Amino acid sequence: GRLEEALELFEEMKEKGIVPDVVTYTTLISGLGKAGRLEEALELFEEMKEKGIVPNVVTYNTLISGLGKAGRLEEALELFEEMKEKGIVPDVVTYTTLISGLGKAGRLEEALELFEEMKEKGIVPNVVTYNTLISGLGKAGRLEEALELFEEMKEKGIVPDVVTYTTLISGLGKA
């Protein structure tokens, strides 16, 4: 939790000619993210790329999570495209965050497109992914597609929970 001290040592090591590496940057970017200090995490991320330190999936996940949380979806999507271009493979956490963020932003057609894509890449969606999409479809009156996803999740052995059922029961009832 002691971020201002960690940052002090970080500055100290650079001043002593000890070169930070991907672990150093990751730890700090994560800590900064969790501390609300997203802009500072992003500055460290820029810096690590200038120094030739290559970010990894943990780096991208942390920033995308932070940006998604903050509603900064255009920038979260920029990082997502960048990570795929660098051949850093996104994982279920990356997609969940984006589909959730695009969810909350009511950009539902884009969330469904990412959902399609994650399945093409072999990333297995989880109950959170399905719940977000089914909720979004449910609220838009797109009941038939919500029911297809509900059927799909059961078929894949993802077990629905009470919010999944509520959403659908609500739709069938008031629609």
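The first residue of the shown sequence is 1; numbering continues from there.
Relative to its counterpart among 51-59 and 109-117, 51-59 has the higher mean temperature factor, C-alpha atoms as listed in the PDB entry. Judged by mean Cα B factor in the deposited record, 33-41 ranks above the other of 33-41 and 145-153. Annotation for 73, 92, 79, 88: 88 ranks highest, by Cα B-factor. Sort the chain's modelled residues by C-alpha temperature factor and residue 131 lands in the lowest third, per the entry. Among the modelled residues of its chain, residue 122 has a C-alpha B-factor that falls in the middle third according to the deposited record. Sort the chain's modelled residues by C-alpha temperature factor and residue 138 lands in the middle third, per the entry.
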